[PDB]
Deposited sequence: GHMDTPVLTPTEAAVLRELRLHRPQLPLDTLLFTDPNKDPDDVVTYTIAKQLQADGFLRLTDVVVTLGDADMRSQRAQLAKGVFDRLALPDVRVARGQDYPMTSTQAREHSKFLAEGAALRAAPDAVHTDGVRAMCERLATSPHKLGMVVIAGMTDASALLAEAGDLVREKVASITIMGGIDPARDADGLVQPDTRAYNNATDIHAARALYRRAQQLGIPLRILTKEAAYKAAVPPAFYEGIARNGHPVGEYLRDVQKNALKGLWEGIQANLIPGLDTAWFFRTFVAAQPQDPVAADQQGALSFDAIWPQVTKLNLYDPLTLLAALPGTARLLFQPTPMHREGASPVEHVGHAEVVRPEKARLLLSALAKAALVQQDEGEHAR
């Protein structure tokens, strides 16, 4: 670690809960770095007693694709010394031919990290249901992917969820328009909502009907707290296979995008877009990489917003619910009050986890 990377951690450790929060995670890894960065910081947050990641249900793609994502997730948890995490593939959800193409994106970098098929399960949220029935304390639900399985969990176990879930924290989007009853509803444009829009609608609505507090972190929250390439270069620096996966995934993705834009293989985007997005022409990528200053970490910030100790340190969520209704909070650009502490905590946790 670095000195300032210690003081923020030291500071976080002041806010350790009495018991770690048992956590149910809904995730779609290996189409970008986001989800695996989250597993990485979760490792350190588990080490320091903020959470315990008991169950992970994986979505995005058809049944076999979800199993591949599940095997990848498993492989990462194994390499993070998190051997107890129970990973299962989610259930089928509606897919056009177009979605079947797009939802099947699976980075080559992840192929070699895949655990054996028998290391992961096929029965979705069943174990989560069984856990909800037998847990002595309330659990958190963290949603960093499409909402097919999170919604199914509420549909199947609404009785249990009402009594046994403390909150549902979601990397999603809020329609500026409330529904007929003034309930918050998902934005059709936010990636995790659009994966299965009807499941997202059903999750946002049913959480409020059941009185489960909802916390929605939207993409603009990540902008202030975006990290440089050194976040990635740093975690890979000691040869940790998860750190190396992450750095390679982020760098290769950005490289493919620059080169495709440049050659016009990706005609709808231009150099000007790339520069506004990642920085602040005819160049090769090794000349562009050092200029990159902004890399967004949506899913990790979402996990940070889900734990009371981390959230108090970084955010002031804005209430969105009608008076006396089931609570709904928004974390957007203005609600991230210590973005530089956020950036530092993210780096500290990630580095610590890979030691």
Requested in this report: Write out the missing regions of the deposited sequence in sequence order, one range per stretch.
Outcome: 1-7, 288-299, 375-383
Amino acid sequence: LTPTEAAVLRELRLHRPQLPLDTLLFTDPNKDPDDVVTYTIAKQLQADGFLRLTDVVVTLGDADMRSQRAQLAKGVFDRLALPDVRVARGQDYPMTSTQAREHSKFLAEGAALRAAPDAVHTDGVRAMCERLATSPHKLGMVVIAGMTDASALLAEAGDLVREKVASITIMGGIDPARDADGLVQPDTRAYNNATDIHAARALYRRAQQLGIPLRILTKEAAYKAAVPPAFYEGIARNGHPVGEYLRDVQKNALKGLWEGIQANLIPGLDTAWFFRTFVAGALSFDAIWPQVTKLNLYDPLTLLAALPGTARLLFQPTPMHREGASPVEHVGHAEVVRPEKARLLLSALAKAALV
From here on, numbers count along this sequence of modelled residues.
**Report entry** Stretch with the greater mean C-alpha B-factor as recorded in the entry, comparing 101-109 against 214-222
**Finding:** 101-109
Query raised in the report: Taking the recorded C-alpha temperature factors, which stretch has the higher mean, 176-184 or 134-142?
Result: 176-184
Report summary line: Comparing C-alpha B-factors across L53, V58, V36, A325 in this entry, the winner is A325
Query raised in the report: So among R162, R189, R206, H121, who wins on Cα B-factor in the entry?
Result: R162
Requested in this report: Sorting the chain's modelled residues by C-alpha B-factor, tell me whether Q46 ends up in the lowest, middle or highest third.
Outcome: middle
Query raised in the report: Considering only modelled residues of the same chain, in which third does the CA B-factor of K31 rank: lowest, middle or highest?
Result: lowest
Report summary line: Quick tally, chain-level thirds of C-alpha B-factors: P290 sits in the middle
Report summary line: Here the Cα B-factor of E329, set against its chain, lands in the third termed highest
Report summary line: In terms of its chain's C-alpha B-factors, the third that includes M95 is the highest
